[PDB]
Amino acid sequence: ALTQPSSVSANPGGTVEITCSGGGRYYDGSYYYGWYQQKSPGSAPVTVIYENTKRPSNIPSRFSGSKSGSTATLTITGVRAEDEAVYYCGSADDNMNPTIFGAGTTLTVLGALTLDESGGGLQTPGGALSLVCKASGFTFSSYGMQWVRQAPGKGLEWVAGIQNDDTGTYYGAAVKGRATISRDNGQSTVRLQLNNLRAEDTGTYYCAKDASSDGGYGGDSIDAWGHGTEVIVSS
(Lines of atoms letter the chains of each structure in order from A and count residues from 1; the text may use other names and numbers.)
(Lines give C-alpha, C1' and ligand atoms only; values in the text may rest on other atoms or scores of the structure.)
Protein backbone atom coordinates (compact mmCIF):
# COMPACT_ATOMS: atom_id res chain seq x y z
CA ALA A 1 0.00 0.00 0.00
CA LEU A 2 1.08 3.58 -0.68
CA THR A 3 1.78 6.12 2.02
CA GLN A 4 0.52 9.67 1.93
CA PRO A 5 -0.48 11.88 4.86
CA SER A 6 -4.07 11.76 6.07
CA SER A 7 -4.47 15.54 6.09
CA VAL A 8 -2.75 18.78 5.35
CA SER A 9 -3.84 22.30 6.21
CA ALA A 10 -2.96 25.49 4.37
CA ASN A 11 -3.64 29.21 4.57
CA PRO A 12 -5.15 30.70 1.41
CA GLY A 13 -2.26 31.84 -0.82
CA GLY A 14 0.09 29.38 0.86
CA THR A 15 2.26 26.75 -0.75
CA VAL A 16 1.41 23.23 0.26
CA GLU A 17 3.19 19.91 -0.38
CA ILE A 18 1.75 16.40 -0.27
CA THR A 19 4.11 13.44 -0.46
CA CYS A 20 3.52 9.87 -1.59
CA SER A 21 5.83 6.89 -1.08
CA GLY A 22 5.73 3.12 -1.38
CA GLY A 23 5.27 2.69 -5.13
CA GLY A 24 6.76 -0.34 -6.83
CA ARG A 25 9.84 -0.05 -8.98
CA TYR A 26 8.92 -0.02 -12.67
CA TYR A 27 10.61 -2.06 -15.45
CA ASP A 28 13.07 0.81 -16.03
CA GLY A 29 14.15 0.94 -12.38
CA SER A 30 12.26 4.21 -11.83
CA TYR A 31 9.22 5.25 -9.82
CA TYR A 32 6.09 6.97 -11.12
CA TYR A 33 3.12 8.57 -9.39
CA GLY A 34 -0.13 10.29 -10.31
CA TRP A 35 -2.36 12.64 -8.33
CA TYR A 36 -6.15 12.45 -8.48
CA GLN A 37 -8.27 15.20 -6.95
CA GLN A 38 -11.77 14.33 -5.69
CA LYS A 39 -13.91 17.12 -4.29
CA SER A 40 -16.70 14.91 -2.94
CA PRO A 41 -17.14 11.14 -2.49
CA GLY A 42 -18.81 9.58 -5.55
CA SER A 43 -17.87 12.36 -8.00
CA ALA A 44 -15.49 11.99 -10.91
CA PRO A 45 -11.87 12.40 -9.87
CA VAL A 46 -9.81 14.93 -11.78
CA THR A 47 -6.20 14.19 -12.67
CA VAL A 48 -4.09 17.15 -11.58
CA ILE A 49 -0.66 15.55 -12.25
CA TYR A 50 0.25 12.27 -13.95
CA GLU A 51 3.54 10.46 -14.67
CA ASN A 52 5.25 12.44 -11.86
CA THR A 53 5.23 15.85 -13.52
CA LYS A 54 2.72 16.07 -16.37
CA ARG A 55 -0.09 18.56 -15.89
CA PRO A 56 -3.20 18.39 -18.10
CA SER A 57 -3.58 21.74 -19.85
CA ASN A 58 -6.96 22.51 -18.26
CA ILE A 59 -5.48 22.25 -14.75
CA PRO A 60 -4.30 25.55 -13.20
CA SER A 61 -0.52 26.10 -13.33
CA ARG A 62 -0.42 26.42 -9.51
CA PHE A 63 -0.42 22.59 -9.50
CA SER A 64 2.95 20.94 -10.12
CA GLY A 65 4.53 17.58 -9.43
CA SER A 66 8.04 16.32 -8.78
CA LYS A 67 9.73 13.05 -7.88
CA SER A 68 12.81 12.40 -5.81
CA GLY A 69 14.08 8.86 -5.70
CA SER A 70 11.06 6.72 -4.87
CA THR A 71 8.93 9.57 -3.42
CA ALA A 72 6.59 11.95 -5.28
CA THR A 73 5.47 15.40 -4.15
CA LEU A 74 2.40 17.32 -5.31
CA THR A 75 2.88 21.06 -4.81
CA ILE A 76 0.16 23.69 -4.91
CA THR A 77 1.76 27.12 -5.09
CA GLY A 78 -0.73 29.77 -4.08
CA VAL A 79 -3.48 27.47 -2.87
CA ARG A 80 -7.09 28.61 -3.25
CA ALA A 81 -10.24 27.72 -1.31
CA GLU A 82 -11.56 25.79 -4.31
CA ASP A 83 -8.57 23.42 -4.05
CA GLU A 84 -10.00 21.77 -0.93
CA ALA A 85 -10.41 18.11 -1.87
CA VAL A 86 -9.10 14.66 -1.14
CA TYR A 87 -5.99 14.01 -3.22
CA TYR A 88 -5.39 10.36 -4.00
CA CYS A 89 -1.95 9.29 -5.10
CA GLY A 90 -1.59 6.43 -7.53
CA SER A 91 1.32 4.18 -8.58
CA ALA A 92 2.22 0.55 -9.30
CA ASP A 93 2.21 -1.95 -6.48
CA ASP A 94 3.96 -4.87 -8.21
CA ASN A 95 4.26 -6.46 -11.66
CA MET A 96 0.86 -8.17 -11.39
CA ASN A 97 -0.80 -5.16 -9.76
CA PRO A 98 0.03 -2.16 -11.94
CA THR A 99 -2.37 0.23 -10.18
CA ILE A 100 -2.84 1.02 -6.53
CA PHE A 101 -4.20 4.14 -4.80
CA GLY A 102 -3.12 5.62 -1.49
CA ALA A 103 -5.69 6.24 1.22
CA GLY A 104 -5.97 9.92 0.28
CA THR A 105 -4.85 13.25 1.72
CA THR A 106 -7.57 15.66 2.77
CA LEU A 107 -6.55 19.26 2.09
CA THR A 108 -8.19 21.89 4.27
CA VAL A 109 -7.85 25.55 3.30
CA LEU A 110 -8.33 27.75 6.33
CA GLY A 111 -11.28 30.07 6.41
CA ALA A 112 -13.89 17.15 -24.39
CA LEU A 113 -13.30 13.47 -23.80
CA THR A 114 -16.22 11.46 -22.58
CA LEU A 115 -16.20 8.18 -20.71
CA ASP A 116 -19.75 7.08 -20.18
CA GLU A 117 -20.52 4.13 -17.90
CA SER A 118 -23.71 2.04 -17.99
CA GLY A 119 -24.96 -1.28 -16.61
CA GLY A 120 -25.14 -0.28 -12.97
CA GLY A 121 -28.03 -0.13 -10.56
CA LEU A 122 -29.50 -2.67 -8.17
CA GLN A 123 -27.90 -6.12 -8.33
CA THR A 124 -28.71 -9.35 -6.53
CA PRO A 125 -26.17 -10.93 -4.17
CA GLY A 126 -24.51 -13.95 -5.77
CA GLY A 127 -25.35 -12.66 -9.23
CA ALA A 128 -23.28 -11.01 -11.92
CA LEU A 129 -23.02 -7.57 -13.43
CA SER A 130 -21.78 -6.17 -16.70
CA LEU A 131 -20.66 -2.54 -16.96
CA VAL A 132 -19.85 -0.87 -20.26
CA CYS A 133 -17.80 2.29 -20.70
CA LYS A 134 -18.38 4.09 -24.01
CA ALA A 135 -15.50 6.37 -24.94
CA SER A 136 -15.46 9.36 -27.27
CA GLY A 137 -13.25 12.35 -28.01
CA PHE A 138 -9.96 10.45 -28.27
CA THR A 139 -8.39 7.61 -30.22
CA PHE A 140 -9.53 4.74 -28.01
CA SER A 141 -7.45 2.07 -29.73
CA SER A 142 -4.19 3.77 -28.67
CA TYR A 143 -4.75 3.68 -24.90
CA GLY A 144 -4.92 1.35 -21.97
CA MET A 145 -8.15 1.54 -19.99
CA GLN A 146 -9.05 0.82 -16.37
CA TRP A 147 -11.92 0.39 -13.94
CA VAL A 148 -11.72 1.95 -10.47
CA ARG A 149 -14.38 1.83 -7.75
CA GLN A 150 -15.29 3.58 -4.52
CA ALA A 151 -17.37 2.07 -1.72
CA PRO A 152 -19.79 4.54 -0.10
CA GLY A 153 -17.81 7.14 1.84
CA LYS A 154 -14.50 5.34 1.25
CA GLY A 155 -11.45 5.73 -0.99
CA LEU A 156 -10.53 4.81 -4.55
CA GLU A 157 -9.86 1.09 -5.17
CA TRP A 158 -8.44 -0.36 -8.41
CA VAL A 159 -10.59 -2.99 -10.07
CA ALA A 160 -9.00 -3.93 -13.41
CA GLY A 161 -6.87 -2.80 -16.32
CA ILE A 162 -6.38 -3.74 -19.97
CA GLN A 163 -3.78 -2.61 -22.50
CA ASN A 164 -4.74 -1.15 -25.86
CA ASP A 165 -4.19 -4.52 -27.58
CA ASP A 166 -6.16 -6.64 -25.01
CA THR A 167 -2.99 -7.83 -23.34
CA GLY A 168 -1.76 -7.52 -19.77
CA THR A 169 -5.11 -7.77 -17.98
CA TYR A 170 -4.82 -7.71 -14.20
CA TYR A 171 -7.38 -7.40 -11.39
CA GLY A 172 -7.58 -5.85 -7.93
CA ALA A 173 -7.18 -8.22 -4.98
CA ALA A 174 -10.80 -7.90 -3.86
CA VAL A 175 -12.16 -9.02 -7.26
CA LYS A 176 -9.49 -11.43 -8.56
CA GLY A 177 -11.12 -14.65 -9.77
CA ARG A 178 -14.51 -12.94 -10.15
CA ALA A 179 -13.76 -10.21 -12.66
CA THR A 180 -13.22 -9.99 -16.40
CA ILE A 181 -12.21 -6.86 -18.29
CA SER A 182 -12.42 -6.77 -22.09
CA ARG A 183 -12.58 -4.14 -24.82
CA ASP A 184 -13.84 -3.56 -28.34
CA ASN A 185 -11.68 -1.01 -30.15
CA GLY A 186 -14.07 -0.78 -33.10
CA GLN A 187 -16.92 0.22 -30.78
CA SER A 188 -14.71 2.32 -28.47
CA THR A 189 -15.96 0.35 -25.45
CA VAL A 190 -14.39 -1.27 -22.43
CA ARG A 191 -16.38 -3.76 -20.33
CA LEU A 192 -16.26 -4.99 -16.73
CA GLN A 193 -17.92 -8.24 -15.73
CA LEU A 194 -18.04 -9.13 -12.03
CA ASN A 195 -19.64 -12.25 -10.65
CA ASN A 196 -20.61 -13.71 -7.27
CA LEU A 197 -21.58 -10.23 -6.17
CA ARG A 198 -21.46 -9.33 -2.50
CA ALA A 199 -22.43 -6.24 -0.50
CA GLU A 200 -18.78 -5.17 -0.47
CA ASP A 201 -19.00 -4.68 -4.26
CA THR A 202 -21.48 -1.82 -3.71
CA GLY A 203 -20.02 1.52 -4.81
CA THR A 204 -19.39 3.92 -7.67
CA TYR A 205 -17.54 2.39 -10.62
CA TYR A 206 -15.46 4.78 -12.76
CA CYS A 207 -14.11 4.18 -16.22
CA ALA A 208 -10.57 5.55 -16.54
CA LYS A 209 -8.38 6.35 -19.55
CA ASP A 210 -4.62 5.83 -19.44
CA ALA A 211 -2.19 8.32 -20.96
CA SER A 212 0.77 5.94 -21.38
CA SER A 213 2.19 6.41 -24.88
CA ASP A 214 2.83 2.68 -25.31
CA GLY A 215 -0.79 1.57 -24.81
CA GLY A 216 -0.04 0.29 -21.30
CA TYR A 217 -1.69 1.21 -18.00
CA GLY A 218 -0.72 1.92 -14.45
CA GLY A 219 -1.54 3.83 -11.30
CA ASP A 220 0.57 6.85 -12.24
CA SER A 221 -0.87 7.49 -15.68
CA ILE A 222 -4.65 7.99 -15.61
CA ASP A 223 -5.55 11.20 -17.45
CA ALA A 224 -9.36 10.99 -17.71
CA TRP A 225 -12.21 9.74 -15.50
CA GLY A 226 -15.90 9.13 -16.13
CA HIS A 227 -18.62 10.30 -13.76
CA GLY A 228 -19.12 6.69 -12.82
CA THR A 229 -22.09 4.41 -12.41
CA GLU A 230 -23.48 3.26 -9.08
CA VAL A 231 -23.70 -0.40 -8.29
CA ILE A 232 -25.88 -1.48 -5.38
CA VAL A 233 -25.68 -5.08 -4.22
CA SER A 234 -28.66 -5.89 -2.03
CA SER A 235 -31.63 -8.13 -1.61
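Everything in the sequence shown is counted per the numbering used here, starting at 77 for the first residue and increasing by one. Quick reminder that beta carbons are idealized off the backbone N, C-alpha and C, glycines included.
Judging by CA-CA distance, which residue of the options is the nearest neighbour of residue i?
i, options, result
"residue 219", "161, 281 and 266", "266"
"residue 222", "79, 90, 89 and 297", "297"
"residue 178", "233, 205, 262 and 211", "233"
"residue 139", "102, 231 and 90", "90"
Short of 6 angstroms in beta carbon distance, which residues of its chain neighbour residue i, apart from the five on each side in sequence? Order them along the chain.
i, result
"residue 283", "191, 193, 209 and 302"
"residue 93", "149 and 151"
"residue 135", "124"
May I have the straight-line CA-CA distance separating residue i from residue j, to the nearest angstrom?
i, j, result
"residue 189", "residue 203", "32 angstroms"
"residue 290", "residue 217", "11 angstroms"
"residue 111", "residue 225", "16 angstroms"
"residue 187", "residue 293", "39 angstroms"
"residue 158", "residue 132", "18 angstroms"
"residue 215", "residue 239", "14 angstroms"
"residue 287", "residue 299", "6 angstroms"
Please report the Cβ distance between residue i and residue j, rounded to the nearest whole angstrom; I am assuming they are in contact, meaning their Cβ atoms lie under 8 angstroms.
i, j, result
"residue 147", "residue 106", "Actually they do not touch by this definition, with Cβ atoms about 12 angstroms apart."
"residue 181", "residue 119", "At roughly 17 angstroms, the Cβ-Cβ gap does not stay under 8 angstroms, so residue 181 and residue 119 are not in contact."
"residue 268", "residue 207", "4 angstroms"
"residue 307", "residue 278", "6 angstroms"
"residue 155", "residue 185", "6 angstroms"
Less than 8 angstroms between C-beta atoms, sequence neighbours within five positions excluded: which residues of the same chain meet that for residue i?
i, result
"residue 242", "258 and 259"
"residue 145", "107"
"residue 229", "117"
Using C-beta distances below 7 angstroms, list every residue in its chain close to residue i, excluding the 5 sequence neighbours before and after it, in chain order.
i, result
"residue 174", "168, 237, 246, 293, 294 and 295"
"residue 196", "207, 281, 305, 306 and 307"
In terms of residues, what are the limits of the beta strand (DSSP E) holding residue i?
i, result
"residue 317", "In the structure as shown, the chain begins at 77 and stops at 311. Residue 317 is therefore absent and cannot be evaluated."
"residue 193", "190-194"
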